[PDB]
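All remarks here apply to the structure that follows.
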Amino acid sequence: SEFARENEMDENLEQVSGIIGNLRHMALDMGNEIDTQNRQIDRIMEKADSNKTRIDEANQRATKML
Amino acid sequence: XXXXXXXXXXXXXXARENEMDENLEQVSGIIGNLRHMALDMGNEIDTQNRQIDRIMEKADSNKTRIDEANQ
Amino acid sequence: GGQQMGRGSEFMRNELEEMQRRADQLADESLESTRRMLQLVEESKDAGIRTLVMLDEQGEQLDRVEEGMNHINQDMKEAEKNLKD
Amino acid sequence: XXXXXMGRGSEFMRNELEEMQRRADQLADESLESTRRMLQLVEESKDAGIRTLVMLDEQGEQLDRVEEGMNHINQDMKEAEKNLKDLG
Amino acid sequence: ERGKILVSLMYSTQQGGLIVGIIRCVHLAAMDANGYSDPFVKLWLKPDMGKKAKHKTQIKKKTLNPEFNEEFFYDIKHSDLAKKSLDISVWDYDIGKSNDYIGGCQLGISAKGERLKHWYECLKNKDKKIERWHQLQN
Amino acid sequence: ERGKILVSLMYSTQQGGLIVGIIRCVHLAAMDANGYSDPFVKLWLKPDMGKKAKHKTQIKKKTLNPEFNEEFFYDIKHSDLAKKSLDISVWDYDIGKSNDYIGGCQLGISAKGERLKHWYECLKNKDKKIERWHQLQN
Amino acid sequence: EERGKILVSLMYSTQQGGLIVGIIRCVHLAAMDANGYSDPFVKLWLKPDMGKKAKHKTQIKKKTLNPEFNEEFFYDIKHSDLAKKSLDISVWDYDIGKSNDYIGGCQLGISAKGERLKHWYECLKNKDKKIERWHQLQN
Ligand SMILES: [Ca+2]
Ligand SMILES: [Ca+2]
Ligand SMILES: [Ca+2]
Ligand SMILES: [Ca+2]
Ligand SMILES: [Ca+2]
Ligand SMILES: [Ca+2]
């Protein structure tokens, strides 16, 4: 008689197919965040190698007084 | 010594720039590891992204076998 | 004029007892399936949120480096222009 | 007679020379600090990337359980219908 | 002796349950003084059929070939009917006293012979009416 | 007889910290002989450093559905908020003896279910109140 | 240097389904007594808070600045669910007449940084593998 616990099945299946869709969204937006950071690292090394040359082309000195 | 002709001498300091070469070497090395992770982070996502689509097929197949069993 | 019932008495009791069990064992597995699917898909959602945190809290670290790289370019140029005479 | 190759040094007057000796250390100290500051920034981004890999591997191994669970459930639902039609 | 009863069992799918059919009895036991009896069939589903499982037929007068021809319904699934057992009893209705026990029969897994064969062929043959003759006794 | 508690979170950029709001509780567990309880809510942020990060509400008298409607503040940067968790505890204030433990709930990155989703939607939505319910456990 | 280092070995066995924390030996510990030595014992804490069975301690060594424990401990947890957790390793000097003196500590987990974080990383990557590394006590 009390088969109202069957509604739990359709309630779980509704959430299973729903959370799975959220997994699809989380994984896609996660890749967009990394692809943005991956193109940011390539932008950091250009500003990092520029600091290295600005140091080597400045830390070369023989103008000292004895 | 005294008043000879044509000579020189070593100041005679019997620096802190070996760090600059050491740090910049460690800086430029770790930046190479930042690309190493970022590329391997993307390969893992693409693996998991295709894995979700593979789960969605088996998730809908289990749903149909439940509906075709519970009438 | 074939034959009367032979070994049919105990056979029928096996076909009826299993029909009671096999019909309800299928319904019990349908209940365990939805529960097992929840305990796995939900736990994978929690792992995806913890990853979204450490990933988004990493992008702010790369922003501190990029903006930190430009802050060093200022102090390097300010030291070169100041070193003239 | 000597010929060198800024050039000064005869009578005591305005220095204007200690600066070029001090301004060189300022550029040198700010250069060492720059190499130190860049090392701190990239090292922290390295650890931050490691803290993200452990989360991707956590979600990856958890996705394996979801995929293996769908296969275990698929086999269990098949054994449910397989034993219902032969024994009944 | 003690009588024989004709019972028709059928599990209806569109109606959703078993259709028990009490048809006719032949040569029932004499439990009165006039030599005849006032019989009526009382079938009971004993395996924990909770609410109202005791269906009774209308009481026939002084008769020797009682033709009930009444059918009864039991709203139960085909799965849970296998673990069931139908007890069919025949009594003699008395005026101002308790009813005498004429005969009785049992159909189900606990039964055997023609009684188990009848309960088996109905669960195997759905939407089919299976009627057989059973012998009544204590 | 565990109950729920309404919690509202928001990161104020003007104030520069976290605004934890305890609104009310529903169907709290009774911890007094009179069937009711004297409930109040404690707050304790994860102490990554050493300082006083405690907050307590006022003590309602004889009620299982209190109505605090209070708010509390924690001066912590948004960047350093993900590395911490908030411990929400409900206690039954006793006068003589020590207080009893009714329910509890932790919100952080190490949490699970809605206890984690609530803490995440605040790290992604700044200057926006996020009020949701949470079930109290042991 | 300063307060010394500790040799810790981490391993996750899938046959057992839990982390195997190993405290091998310590070197150059801080002397917290008046006799010039110390009585060291390592305490392990792997939980953020309410832990029922998460406090593990080694045996107390007698008057030693370079102890050798050679012990292993087991934490029961789900299949590689130690990301959210962080192992806190502490070294103490046992005092009979007063409170124990704190020598040094160590933190292994996602909250860690540098050599301590990398040791926790390589433990979760390679399963059924024993990874050991030295760590400087405190900062
Ligand atoms: Ca009579
Ligand atoms: Ca009579
Ligand atoms: Ca009380
Ligand atoms: Ca009280
Ligand atoms: Ca001492
Ligand atoms: Ca001592």
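Note that chain G carries Swiss-Prot numbering, so the residues on display, from first to last, are 539-677.
According to its header, this structure was worked out by X-ray crystallography, 3.3 Å.
From the backbone N, Cα and C atoms, a Cβ is placed for every residue, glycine too.
Features as listed in Swiss-Prot:
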- G:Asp571, G:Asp631, G:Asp633, G:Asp639: Ca(2+) 4 binding site (BINDING)
- G:540-673: domain 'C2 2' (DOMAIN)
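In terms of DSSP helix, strand and coil, the domain 'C2 2' (G:540-673) has 11 helix, 60 strand, 63 coil.
The binding-site residues in question are G:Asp631, G:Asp633, G:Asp639, and the one with the fewest Cβ neighbours inside 10 Å is G:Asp633. Summary of the Ca(2+) 4 site environment: with the site residues G:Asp571, G:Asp631, G:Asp633, G:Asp639 set aside, the chain residues having Cβ atoms within 8 Å of the Cβ mean position are G:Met570, G:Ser576, G:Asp577, G:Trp630, G:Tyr632, G:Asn638.
Close to G:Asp571 (Ca(2+) 4 binding site) in the fold, though at least 6 residues off in sequence, lie G:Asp577, G:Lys601, G:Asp631, G:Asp633, G:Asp639, each with a CB less than 8 Å from its CB.
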